[PDB]
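Presented as structure tokens, the chain that follows is alone, the form deposited in one PDB entry.
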């Protein structure tokens, strides 16, 4: 407690000694309060909006640009649950770490991430200026030697829920735990259940492969506030990755887990305006990319235990018998890898095809681990899916699409209002017309490679690419990102969907976009197309006028028409 978190608080208290007041009317119940001291909207992308006029009247799209679960506690699991988790976590770190060696990530790797503008969750006005200043690295090394001493001084979170930190503390986490993402621990090759690095164009093929396994329904239960339901027992099972480490790495990693995760300190603004300095032991508080890997790990653990419950491996969560323990251990060594293969897990998001539908009502371990299901009553059996093309995963569903030549594409899809509404939004200040145009181009190229099968998005993508100068490079201030490039989109399409695609045996290239199919006209409408509306027909007819409006605003530049690629603009 105060041994570990004190110095961090005491250092903050000193710097605001003239304004340090113990607020007696503090709203916290489950967070520990310590003291208080005196102390960013969505912006519309104009290029994308001018080329999507029909959507200017559609509520869902328009309203996307307009505009307390942290203060809950999580009961400690029973003895049987805690034993199931410890055994499963032990086994899972071994299976993951069999083909992978834990290592420290380097200043040089970290600096490359800041120079390439990667999201680290920092709070020198820029990351670039800090990694170039040798002073900072002296601050880092001071904390570093404090961590080797088993102590902490400057690793405090800043809730604004994304918890930001000073770049230093971010480096110390990346140095100790970055290997999990940097070395692809949660790849489908190393993990069997994971999809890390897969890409949207892979995920449908993966869920079709899971479908092929004999068993029951596909389950895709969402957890009600996953990050808030991470227990101290969860954090202790995650910490066992240090059992596979040695030297400066093992001790440094041990310090991230014990000083920053298993104990924390946070600064949250309250408008009554005072900064509160609060602490707690449990719940997920770490960088997004580490949080992704540890969420995947604990989700993989939880779903193997739910599978064990459905299969009758153990009878009660109250207490595991020594005989139950060896059976659990034997199930893992015998069938564990096959069971991990029956799942697709992306952080808190899962799809599970269990051995049979007993899984649907195997709820005692899942509820006792704190992973309570969203939108369903505590003890009501899960609703399963009887077709892989209906299963929700990573905010998508997936269609099976037949090319005129008989080859099979499995494509990603979601309601089209969501896609158009997101592409119309840009975050942050000081965007030039050129910067705004290059972000619109990034969305257009993504639609050409991921959503080419939606009539409205292939047309709007061709319009935006025709309105932005051909040689201007697509941008994104903040999954694979193959659409990010200046190469021909047809060349990239052929690479992604034909050349690289392990599910496509015939490698015969496509030589025209008209060889690339759409969903059925009725299916397109079901997934939110405006085909059949008068607004959409006038937009399609008159698209060159919209393109020319945006060209006139950007000015005299090198422009390439990409509308002739489509049959209806081809003479």
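C-alpha atoms forming the largest set that superposes within 1.5 Å between two forms make up the rigid core. Numbering follows the first chain given and starts at 1.
Omitted here: the form deposited in another entry. The next part is about that form.
Compared between this form and the one not shown on the core, the listed residues 317, 439, 343, 362 keep their C-alpha shifts below 2 Å, save 439. The Cα position of residue 177 differs by less than 2 Å between this form and the one not shown after fitting on the rigid core.
With the core held fixed, the Cα of residue 469 is displaced between this form and the one not shown by 2 Å or more.
Taking 2 Å as the criterion, residue 419 counts as shifted between this form and the one not shown: its C-alpha moves by at least this amount when the rigid core is aligned.
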